[PDB]
C-alpha cells in the first residue's frame, strides 16, 4: 500500500525543472520488491539531475520509511540526507564526513555519484553498502563498486538501500574546525536553485574558471542563467524550462569541450 502519484519532477529537483513522472514512495523492503517489478529509476534528493520537460515514463522510486532511519555507529538508510549525517557526525564526535559538507545529497545519490570535494569523497567514508538488484539485497564493500571521479559501477539496476559508514572518534571542536575549512573553500559558490556544477572538471583544471575566462558568466536563455558567482553553476531564476537549460549547456559547449556532470532524464 505504498503511495504512488503523478508529480512534476521540477518540484523534486534542486534545479527546479522537470516534467511529469509516476512517483513511488517506498517505505519497506517488501515495498521495494514490488515497486521494482517494472522498469524504474531511483530519485534521491534530485541535486544532480536535469529532468527534461517531457518527464520520464518509468516508475520513479524514492526511498522513505525504513530507508530514512539511521545509526551513525550502525546502518544508515540510503534515503537519509547527507547534510544531516555530516552534522550528526560532528555532534557525536565522529570524524570522516567533514569533506562532504555542502553536498545536498541523499546517501544513495552520494554513493551513486561518489560525491566529494577536494577534502574527501563518499567512497572514503564507506565500510559496507547494501544494494538491491535482481530482486534481492546484497552487501558489498566499497572496493567492489568501481568508484572513481563522480563515478560508480553499481550492479545493473542497483538501488543503494543502506550503508555502514567509516568514522573515527575525534574531539568535536577539531571536527568543526575541519568543517569550517570546507565552508571557507565553498564560499564562492551560489546557494540558489541549481544542480551544483553542470560540467565535470577536465583533470588539470576548473570548468568554472574556464567558463569565467571565456566571459560566459551572466549569459541567459529564458530563466536559465550561467551564475555571476561561479561559472560552473547554471541557476534557475524562477520558471526555467529544461529546454532553456539545455540551450545554455550547448552554448557553453560551442566554446569549450566540456562534458556534463549532471545526469539527464530521460
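Numbering follows the first chain given and starts at 1.
K.L.:
Pick between 127-135 and 176-184: the one whose mean CA B-factor in the entry is higher.
P.N.:
Stretch with the higher mean C-alpha B-factor: 176-184.
K.L.:
Comparing average C-alpha B factors as deposited, tell me which of 240-248 and 12-20 sits higher.
P.N.:
Averaging CA B-factors over each stretch, the winner is 240-248.
K.L.:
Using the temperature factors in the entry, find which of 43, 64, 50, 207 has the highest value at its Cα atom.
P.N.:
Among 43, 64, 50, 207, the highest C-alpha B-factor in the entry belongs to 207.
K.L.:
Going by the entry, which third of its chain does the Cα temperature factor of residue 169 land in?
P.N.:
Ranked within chain, residue 169 CA B lands in the highest tercile.
K.L.:
Taking only the Cα B-factors deposited for this chain, tell me whether residue 112 sits in the lowest, middle or highest third.
P.N.:
It belongs to the lowest third of the chain when residues are ordered by C-alpha B-factor.
K.L.:
Which third of the chain does residue 162 land in by C-alpha B-factor: lowest, middle or highest?
P.N.:
As the PDB entry reports it, the C-alpha B-factor of residue 162 lands in the lowest third of its chain.
K.L.:
Can you tell me which third, lowest, middle or highest, the CA B-factor of residue 152 falls into for its chain?
P.N.:
For residue 152, whose C-alpha B-factor we compare with every modelled residue in the chain, the answer is the lowest third.
K.L.:
By its CA B factor, does residue 72 count among the lowest, middle or highest third of the modelled residues in the chain?
P.N.:
It belongs to the middle third of the chain when residues are ordered by C-alpha B-factor.
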